[PDB]
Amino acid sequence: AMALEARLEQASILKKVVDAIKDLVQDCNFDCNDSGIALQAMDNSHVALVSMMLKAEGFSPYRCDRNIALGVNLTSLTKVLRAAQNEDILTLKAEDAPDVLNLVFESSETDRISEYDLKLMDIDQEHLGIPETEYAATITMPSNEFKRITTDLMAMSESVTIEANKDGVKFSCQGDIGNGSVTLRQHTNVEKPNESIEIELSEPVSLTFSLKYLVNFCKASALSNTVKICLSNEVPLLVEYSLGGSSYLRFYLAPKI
């Protein structure tokens, strides 16, 4: 009986999590312990930090007898995960100090079982401390809205200034073709709460970011119907996709200075 054995009722969530990170992270460790499967990695260009946790509770069931780091090239992992259908049952297994990650995908449509032994790699990356931050401003908004805003602005500029104040949260750009801004205001939608805009303002704040990285983060849009963006002077932007239960995918982006 291997040290790690973690079963997902549907492969979809793991496919989507990896899809949301693979354009940013070449290789990383999946840290497996009693609490679940976590990942922390800087992006290739060292402008962002990816922080992920799939809690044990999201599995059915989850067993991890001893702490296991699974060092993985995400392109390699993608070539295996592609074989899993969204509706496949998916099981991860690994021995102590493993050489491979064992992935088994069971079709829910016919009697087909896929089994992969993915070679692991040795990854030396230091764990970074994410401090407790009281943000000057946060905004929760529909995920796809954030995706469109950032993607569309990126067509006219490499940079975006994000300002939060009493009049809302404004994304503004200046480029060759002119100026653009997108303003979101505190808003409640009773029937469709995912369309609400919830702004928590402690203190006005204004910071500038690379749109390329924000757009990359929006590859997580399928994971959550809402996104939370957190701003403070002197700290990275936090773009948070809170998942079911206490699972999360978070991106921290260093500002321009």
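Start at 1 and count along the sequence shown; that's the residue number.
Trainee: Among other entries of this protein with both neighbours modelled, does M141 go without coordinates in a third or more of them?
Mentor: In none of the comparable entries (those modelling both sides of it) is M141 left without coordinates.
Trainee: Over the set of other compared entries for this protein, does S157 lack coordinates in at least a third of them?
Mentor: No, none of the compared structures omit it.
Trainee: Regarding 60 to 68 and 32 to 40, which shows the higher C-alpha temperature factor on average in the entry?
Mentor: In the deposited entry, the stretch with the higher C-alpha B-factor mean is 60 to 68.
Trainee: According to the deposited model, is the average Cα temperature factor higher in 232 to 240 or in 7 to 15?
Mentor: Higher mean C-alpha B-factor: 232 to 240.
Trainee: For the C-alpha B-factor as written in the entry, point me to the maximum among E115, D122, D152, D88.
Mentor: In the PDB entry, the greatest C-alpha B-factor among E115, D122, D152, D88 is found at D122.
Trainee: Taking the values straight from the PDB record, which of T226, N189, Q26, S51 has the highest C-alpha temperature factor?
Mentor: Each of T226, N189, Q26, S51 was compared by C-alpha B-factor; the highest is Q26.
Trainee: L201's Cα B-factor: lowest, middle or highest third of the chain?
Mentor: Highest third.
Trainee: Quick check for you: using the entry's CA B-factors within this chain, is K147 in the lowest, middle or highest third?
Mentor: Tercile = lowest for this residue's CA B-factor.
Trainee: For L128, does the deposited CA B-factor place it in the lowest, middle or highest third of the chain?
Mentor: According to the entry, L128 has a C-alpha B-factor in the chain's highest third.
Trainee: Please place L211 in the lowest, middle or highest third of its chain by C-alpha B factor as given in the entry.
Mentor: Middle third of the chain for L211's C-alpha B-factor.
Trainee: Would you mind checking where the Cα B-factor of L184 ranks among the modelled residues of its chain, as the lowest, middle or highest third?
Mentor: It belongs to the middle third of the chain when residues are ordered by C-alpha B-factor.
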